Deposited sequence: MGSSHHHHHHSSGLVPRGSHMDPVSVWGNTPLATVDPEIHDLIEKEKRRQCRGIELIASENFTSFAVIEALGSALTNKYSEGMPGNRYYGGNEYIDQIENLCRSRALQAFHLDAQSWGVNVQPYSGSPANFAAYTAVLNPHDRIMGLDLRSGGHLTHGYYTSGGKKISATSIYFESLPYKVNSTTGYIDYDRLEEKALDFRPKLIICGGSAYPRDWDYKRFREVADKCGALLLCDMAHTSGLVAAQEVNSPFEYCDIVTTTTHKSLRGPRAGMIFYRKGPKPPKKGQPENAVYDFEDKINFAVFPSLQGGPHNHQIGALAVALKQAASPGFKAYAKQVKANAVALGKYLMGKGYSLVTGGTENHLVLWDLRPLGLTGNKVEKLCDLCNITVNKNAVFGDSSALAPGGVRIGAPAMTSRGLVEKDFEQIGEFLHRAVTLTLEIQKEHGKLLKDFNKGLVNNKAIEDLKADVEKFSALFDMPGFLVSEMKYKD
């Protein structure tokens, strides 16, 4: 005998799966009772979450709106049409000049789909080196030549780097590499770059070597939407993005592409059908329609005046956080920031990023180690989106800087006393009284702000 539908199908999670329920409660507590500085993280809205956990997960709609395999997509079509039109609006794109595909499962699928669409296998791609602040999906092989990223497995990648002494992109060496290598595709955008991007310069480099130009704006997409950084759409052929991170949406991807007539022969752009086809049927199956509904929510939120003020506040919080760190004598790559993150150079203090990351982590401050100047990594990457989504402003971020300051000095006390090597450093973390104290008034600080996505006046813990 089958279970009644009411028993297996309508019964709440807390009763069907106490184990998993309990873990989500604990994870919910972890998220609002520490300090989140991972620059690729954010806290999304309840409305987004409600669309994401919805009956939309039950519909199969392989194809495009108005062009499906299966019937019954009357309402799914309107959800996706609305999501695509809200995506153009949020980024101030004219529909005769730009299209978007909102079906990629995530950022990396959006990148690989775009590659598939405009490149043949083994075509050459250039992307910002991983050690200089780029992303795995822009190409990565090891010094031994092992192809790590699938972009490097199925295409031929060669990275460009930042200037080793200023930490800025080396646009002259980017051009020299592009002219020797002759990539079919140049990627800009990145994950740990703390400055804006000269898209006009990338566009001149691309024209000079005959390359397509793609911007991956996953990290700054929320800043792009609020027109708080340079718009890649002004100069790029294709723009890919995640929809979480600074956009504050669900986990999903988008591919934007130029439509209509080209600039100066006398022909038009060829991207739309190649990109839709690359996503389906080539690479993906049914779209995740609950993601698309949730993203359409996030994109509406991303157009509001409130979101334009959020992105403004993300920048000023990062500035004030770094202004405060340099105030203590600390070193930031490029000496400041123009976006949502700072990159802290710890090599002047004789420390590695691993050490600061491990100790911060013991106080519920989450950062990640990061290579510096294209170089064990010498820095940490610190981002503002997540804590700004909880309503922290400059003074709160200057206070986060104080916690980081306290964290790094305790990291030095341990290194002075126990040894430079990692195994030695670890000895100073076993029952460290001062680490416990910083964890304490870090947790008390984080308890002072609100939290989107769920009511803290409701959590199990």
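**Student:** Which parts of the deposited sequence have no C-alpha atoms in the model?
**Tutor:** 1 to 19, 284 to 288, 400 to 403, 490 to 491 are the stretches of the deposited chain that have no C-alpha coordinates in the structure.
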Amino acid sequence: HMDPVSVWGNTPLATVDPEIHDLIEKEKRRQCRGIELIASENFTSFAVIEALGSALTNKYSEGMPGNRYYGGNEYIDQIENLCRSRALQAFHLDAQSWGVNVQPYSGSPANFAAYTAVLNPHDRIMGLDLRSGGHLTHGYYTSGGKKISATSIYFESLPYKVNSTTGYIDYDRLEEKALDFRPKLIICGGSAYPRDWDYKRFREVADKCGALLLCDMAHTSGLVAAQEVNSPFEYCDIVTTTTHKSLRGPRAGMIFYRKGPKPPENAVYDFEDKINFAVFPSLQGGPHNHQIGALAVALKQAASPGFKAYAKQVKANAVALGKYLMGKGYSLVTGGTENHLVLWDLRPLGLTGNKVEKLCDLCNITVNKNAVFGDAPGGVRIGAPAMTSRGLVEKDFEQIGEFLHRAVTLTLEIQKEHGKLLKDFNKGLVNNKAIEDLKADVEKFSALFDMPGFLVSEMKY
From here on, numbers count along this sequence of modelled residues.
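**Student:** Taking the mean of the C-alpha B-factors per stretch from the entry, tell me the winner out of 356 to 364 and 209 to 217.
**Tutor:** It is 356 to 364.
**Student:** On average, are the C-alpha B-factors higher in 67 to 75 or in 250 to 258?
**Tutor:** That would be 67 to 75.
**Student:** Name the residue from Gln291, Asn266, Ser152, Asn339 with the greatest C-alpha temperature factor listed in the entry.
**Tutor:** Comparing C-alpha B-factors across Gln291, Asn266, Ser152, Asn339, the top value belongs to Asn266.
**Student:** Would you mind checking which of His244, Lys147, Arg124, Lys300 has the top Cα temperature factor in the PDB entry?
**Tutor:** Across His244, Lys147, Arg124, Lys300, the entry lists the biggest C-alpha B-factor for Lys147.
**Student:** Could you look up the Cα B-factor of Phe112 in the entry and say which third of the chain it sits in: lowest, middle or highest?
**Tutor:** It belongs to the lowest third of the chain when residues are ordered by C-alpha B-factor.
**Student:** Grab the CA temperature factor for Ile38 from the record and place it in the lowest, middle or highest third of its chain.
**Tutor:** As the PDB entry reports it, the C-alpha B-factor of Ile38 lands in the middle third of its chain.
**Student:** Within this chain, which third does the Cα B-factor at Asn276 fall in: lowest, middle or highest?
**Tutor:** Its C-alpha B-factor, which the entry lists for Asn276, ranks in the lowest third among residues of this chain.
**Student:** Compare the C-alpha B factor of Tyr105 with those of the other modelled residues in its chain, then answer lowest, middle or highest third.
**Tutor:** It falls in the bottom third of the chain.
**Student:** Quick one: classify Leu325 as lowest, middle or highest third of the chain based on its Cα B-factor.
**Tutor:** Middle third of the chain for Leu325's C-alpha B-factor.
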